[PDB]
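What follows is a pair of forms of the same protein chain, given separately as structure tokens and numbered structure 1 and structure 2.
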Structure 1
């Protein structure tokens, strides 16, 4: 087909990027993260007990208000790094960027207050492959592709730094307004995962010396590595570990070295301004780093993950026809 389509994103505090989709007839609207690190669509459900406080604070999908709903009921549990959601399968028409698609998705009935009370978004639209879909449920982008409307079998992510357009996902191509220079492509190394070979992580190559893996994860806020790798990285930066993050004396933030990720021959460099939440310059304040430990079990990991920290600097094209990821300088 001839169409490309776009989804406008909201940037909450540089940590959460999400857009709007519609589900059902008439459309019920949900804030959703578009997540290349997972493959299932889910939203919180009206059948979620309100003893889950996360279900009191998010928009709930009521299948009883949709005339296009089709029951399935297969129970599924989706295990993420920071928490788990559980529910049952449903089918309805989903509207994303003005493209309409019949889509199987999860109605979440069990949604833990931590971490999900911290989510601005209601749910997740997985942009991954059918291979990592729980229940082998056909992902939304595979269903969009089956319509033959998209110009290209690709989608692209722009995450703005400004917290104005928060971001943009192009379905069926890319947007030249939000990148510059050439794309550099790295082909995927594992079946059904948006994952690439990484050849080194430099700090001012201290880590990933004999190669490692990098997941390009649009649904993650930060750059992550294994607890071991990050502990080494953070010793090199002089950062202190806390419960859920690494921090430095805010005055030390602008003195911190460049972090470089060796991907497909090129070096992808983040400066301190790219990975330090510089909320103060005080020696008596602590400043959080957009880099945390996240141990990912096999078969996906151990692996680094490149989240919004990375994507903010590098406009990312996800190419399904040629199984590759393209990076260009974001503008």
Structure 2
């Protein structure tokens, strides 16, 4: 086709990026995170029990208000790293940017306040592949492509830094106003996960980590750049970061002193400077600053793997190419 659809995102604290979708006729509007690490669509239910606060605190779909809903009941449990959610299939019209599409989505009838009570958004739009879809339900993007319509079989993510639009997704292309120069692509290790091969992680001038290769999931639904507990321990130790109770911290004044961290992908070096990975809330010698890199031991089959989340995307605008099973990166602007 010859269209593109974009969704303006809200950037909450550099940790949550979400946009609007409407579900049903007329549409009921929800805030969703668009997640490449998963493939299901889900929102909180009409029918959610109001005990778990999450539902009491989220917008709930009311199928009784949809002129276009179509009953489905097949039950679902959606398991992510942070948590799990349960509900059941439903069939309705979803508006995304300027596109309307019929979609099987999950009606979230069980939704735990950990982490759900921390979510500034209502639900999730999985931008992952069918192979990861609970219920082997056709993922929204796939459904949108069926539609002809989009110019290219691709979708792009822009995440801004918290200070402006908070971010933007473009379905069917990329927006040149938000990147510099040209994309360089890295091919997926295999169809089914948005995961590529990584040939090294350098601290400053030196390959400290992943010397003999590793995996990197490009995850729009993850806040930080993460690696296993061991990798991160090693990385932090190279940075001189210490763990302050819950997290790794640095003296805020010495943040501008930390080395660059480079990620070797597709034969290039994707470099983040300390300003790109240190939360410089402050610059005092009297305060401790947090880092936007965390350990995350991801289970196989997917893991162990590094996850390149918002911290990475902020630096590199990203294009997910379905057609060619590759990811394109360009300097965000």
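Positions refer to the first chain, counted from 1. Heads up, when I say rigid core I mean the largest set of C-alphas that superpose within 1.5 Å between the two forms.
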TODO: Superpose on the rigid core, then report which one of 102, 77, 251, 74 has a CA displacement of at least 2 angstroms between the two structures.
DONE: 251
Task: Core-superposed comparison between the two structures, residue 270 Cα displacement 2 Å or beyond - done: no
TODO: Indicate whether residue 282 shows a C-alpha shift of 2 Å or more between the two structures, with the rigid core used for the fit.
DONE: yes
Open item on the list: I want to check residue 151: does it shift between the two structures by 2 Å or more at the Cα, with the core superposed?
Closed with: no
- [ ] Can you read me the CA shift for residue 227 between the two structures, rigid core superposed, in Å?
- [x] 1.3
- [ ] State the core-superposed CA shift for residue 191 between the two structures, in Å to one decimal.
- [x] 2.6
- [ ] Would you mind giving the Cα movement of residue 242 between the two structures in Å, after fitting on the rigid core?
- [x] 5.1
